[PDB]
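Chemist: The structure's right below; bear with me while I get my questions together.
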Amino acid sequence: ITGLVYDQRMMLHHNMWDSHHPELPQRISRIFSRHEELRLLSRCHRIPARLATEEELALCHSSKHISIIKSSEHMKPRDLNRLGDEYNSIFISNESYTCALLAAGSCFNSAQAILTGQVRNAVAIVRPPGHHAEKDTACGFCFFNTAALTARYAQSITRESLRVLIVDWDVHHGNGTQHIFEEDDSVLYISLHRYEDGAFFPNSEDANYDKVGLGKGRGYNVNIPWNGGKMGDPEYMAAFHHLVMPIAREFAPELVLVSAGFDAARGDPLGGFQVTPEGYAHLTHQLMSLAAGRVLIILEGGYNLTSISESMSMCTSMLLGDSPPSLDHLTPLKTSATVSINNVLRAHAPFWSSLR
Ligand SMILES: NCCCNCCCCCC(O)(O)C(F)(F)F
Ligand SMILES: [Br-]
Ligand SMILES: [Br-]
Ligand SMILES: [Br-]
Ligand SMILES: [K+]
Ligand SMILES: [K+]
Ligand SMILES: [Zn+2]
């Protein structure tokens with residue numbers, strides 16, 4: 001069976017100055033609603049949300065960071081505004097901390113359900129997102145790094161060296177996730193992201209292909225950066241075919257986490273890409289051949305309400321065992337994307353024998 005967690009309480013996090021800010025509360029209600037419409041919801045086993053504990057947060061975050069974000073809970077508006085503006089792209093309301101605890105806790109429960117064999121796989125319709133969050137700071141709509149925390153939680157209830165793969169197909173680089181695991185050979189981080197030579201958020205050259213990890217983590221950080229063109233299904237299918245999947249098989253994860261942002265989607269106001277729902281279905285389907293089907297799909301970004309609802313529903317459909325929808329005829333990829341994939345191929349060929 002396929003697990004699903006959703007809690008409307010996570011809608012409580014909101015922007016009291018700009019109510020039309022793209023990271024909307026209804027991002028999660030709309031995705032959930034689409035699951036009802038497509039009658040996918042009843043096919044799933046509902047997994048309860050819970051609060052992450054401060055101890056669980058400490059798995060990836062410093063006492064300082066946890067403490068300050070926690071304090072925002074009892075802050076007055078003007079102090080909330082001040083505190084948020086101290087970060088890169090953050091808004092805060094009195095409910096933000098709790099919502100971020102719920103987001104992470106929901107994912108812990110889902111990973112637990114997967115690892116105990118209660119479900120085979122699962123989707124987590126959560127917010128605020130997580131993958132920009134660093135050990136010591138909030139960033140890009142994220143407070144705590146949900147997927148990173150779920151990885152450590154997973155290892156904490158199995159064995160410390162449980163091989164976790166994190167595929168991050170949110171259109172932005174997960175800077176927080178890369179950094180948290182940069183010296184780690186037990187968590188393989190693979191991100192596809194619009195890069196534009198560092199001009200695309202989060203504007204750091206950390207996201208380039210030559211950042212392959214440090215220390216015993218060398219080779220266990222894979223950045224696939226897109227430059228120039230409007231990337232869509234063919235570019236992503238080719239990157240999975242040439243890079244993501246063979247690296248994944250060689251790594252042989254025991255658990256796959258998808259930092260599944262849907263802002264690379266056709267229609268997204270931010271991403272500028274054109275991955276279709278069918279595309280996301282095929283990416284999901286391929287990831288399902290890993291870790292004996294143990295896949296947790298975690299909502300990150302994505303800001304066209306219609307696009308993210310259709311896209312994530314299609315993923316859940318794949319996790320339920322539906323056959324992949326047919327892709328549009330795959331155009332020869334944009335020459336820029338070929339150059340990107342070759343750069344990664346050359347950068348990780350020394351660490352992965354499947355790449356040569
Ligand atoms: N003029 C400044 C534009 C800054 N734009 C911020 C984009 C944030 C993206 C967040 C995300 O989609 O990566 C997450 F997954 F975290 F939600
Ligand atoms: Br923005
Ligand atoms: Br239903
Ligand atoms: Br952006
Ligand atoms: K990404
Ligand atoms: K790593
Ligand atoms: Zn994003």
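Cβ coordinates were reconstructed from backbone atoms using ideal geometry, including for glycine residues, and neighbour counts include every protein chain displayed. Read-outs: derived from the displayed coordinates by stated rules, not from any lab.
Chemist: Pull out all pairs, ordered by first then second residue, where Cβ-Cβ is under 8 Å, the residues are six or more apart or on different chains, the first lies in the stretch 246-271 and is of a type in the set (K, R), and the second is assigned to a loop (DSSP other than H, G, I, E, B).
Modeler: Close Cβ pairs (under 8 Å, with a partner that is assigned to a loop (DSSP other than H, G, I, E, B)) amount to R249/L290; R266/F273; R266/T276.
Chemist: Quick one: which residue in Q155, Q112 is under 30 Å from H241 (Cβ atoms), assigned to a helix (DSSP H, G or I) and more than 14 Å from the chain's Cα centre (by Cα)?
Modeler: That would be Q155, the only listed residue that is under 30 Å from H241 (Cβ atoms), assigned to a helix (DSSP H, G or I) and more than 14 Å from the chain's Cα centre (by Cα).
Chemist: Contact list please: Cβ distance under 9 Å, first residue in the stretch 37-55 and in contact (Cβ under 8 Å) with a residue 40 or more places away in the chain and more than 12 Å from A124 (Cβ to Cβ), second residue among the β-branched types (V, I, T) and assigned to a loop (DSSP other than H, G, I, E, B), pairs at least six apart or on different chains.
Modeler: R43/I1; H45/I1; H45/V119
Chemist: Could you check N109 against (1) under 30 Å from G321 (Cβ atoms); (2) surrounded by fewer than 18 Cβ atoms within 10 Å (Cβ to Cβ); (3) not hydroxyl-bearing (S, T, Y) and say which number it fails?
Modeler: For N109, the exception is condition (2).
Chemist: So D263 ticks every box in (1) of a type outside the set (A, V, I, L, M); (2) surrounded by 24 or more Cβ atoms within 10 Å (Cβ to Cβ); (3) more than 16 Å from ligand 1 (Cβ to nearest atom) but one. Which box is left unticked?
Modeler: (3)
Chemist: While we're on this one: What is the one condition in (1) over 26 Å from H132 (Cβ atoms); (2) hydrophobic (A, V, I, L, M, F, W, C); (3) free of Cβ contacts under 8 Å to residues at least 60 places away in the same chain that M314 does not satisfy?
Modeler: (1)
Chemist: Also, I was wondering about something else. Restricting the search to the stretch 41-79, which residues are farther than 19 Å from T146 by Cα, of a type in the set (A, V, I, L, M, F, W, C) and surrounded by fewer than 20 Cβ atoms within 10 Å (Cβ to Cβ)?
Modeler: Residues satisfying the conditions are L41, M75.
Chemist: Would you be able to tell me the number of residues in the stretch 256-276 that are at negative phi and either touching a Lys or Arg at 6+ places or on another chain (Cβ under 9 Å) or near ligand 7 (Cβ under 10 Å from one of its atoms) (or both)?
Modeler: Total satisfying the criteria: 13.
Chemist: Got a sec? Which of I297, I308, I341 is surrounded by fewer than 22 Cβ atoms within 10 Å (Cβ to Cβ) and in contact with a helix residue (DSSP H, G or I) (Cβ under 8 Å, 6 or more places away or on another chain)?
Modeler: Just a single option satisfies the conditions, and that option is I341.
Chemist: Exactly one of (1) more than 16 Å from ligand 7 (Cβ to nearest atom); (2) surrounded by fewer than 24 Cβ atoms within 10 Å (Cβ to Cβ); (3) in contact (Cβ under 8 Å) with a residue 12 or more places away in the chain; (4) not β-branched (V, I, T) is unmet by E196. Its number?
Modeler: Condition not satisfied by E196: (1).
Chemist: Considering each of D85, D136 in turn, give the residue that is more than 12 Å from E300 (Cα to Cα), within 16 Å of ligand 1 (Cβ to nearest atom) and not small (G, A, S).
Modeler: Testing whether each residue is more than 12 Å from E300 (Cα to Cα), within 16 Å of ligand 1 (Cβ to nearest atom) and not small (G, A, S) leaves just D85.
Chemist: Being within 16 Å of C139 (Cα to Cα) and among the β-branched types (V, I, T) is true for just one of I114, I69, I125. Which residue is that?
Modeler: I69
Chemist: Moving to a separate point now. Any residue at all in the stretch 343-350 that is under 19 Å from the mean Cα position of the chain (by Cα) and either in a helix (DSSP H, G or I) or in contact (Cβ under 8 Å) with a residue 24 or more places away in the chain (or both)?
Modeler: Scanning the stretch 343-350 turns up no residue that is under 19 Å from the mean Cα position of the chain (by Cα) and either in a helix (DSSP H, G or I) or in contact (Cβ under 8 Å) with a residue 24 or more places away in the chain (or both).
Chemist: If you check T137 against the conditions, is it surrounded by fewer than 24 Cβ atoms within 10 Å (Cβ to Cβ), touching a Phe, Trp or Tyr at 6+ places or on another chain (Cβ under 8 Å) and touching a residue at least 60 places away in the same chain (Cβ under 8 Å)?
Modeler: yes
Chemist: Going residue by residue through the stretch 10-21, is there one that turns out to be over 22 Å from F201 (Cβ atoms), touching a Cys at 6+ places or on another chain (Cβ under 7 Å) and surrounded by fewer than 19 Cβ atoms within 10 Å (Cβ to Cβ)?
Modeler: yes
Chemist: A follow-up question, please. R50 is checked against (1) assigned to a loop (DSSP other than H, G, I, E, B); (2) within 16 Å of ligand 2 (Cβ to nearest atom) and fails just one. What number does that condition carry?
Modeler: Among (1) assigned to a loop (DSSP other than H, G, I, E, B); (2) within 16 Å of ligand 2 (Cβ to nearest atom), the lone unmet condition for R50 is (2).
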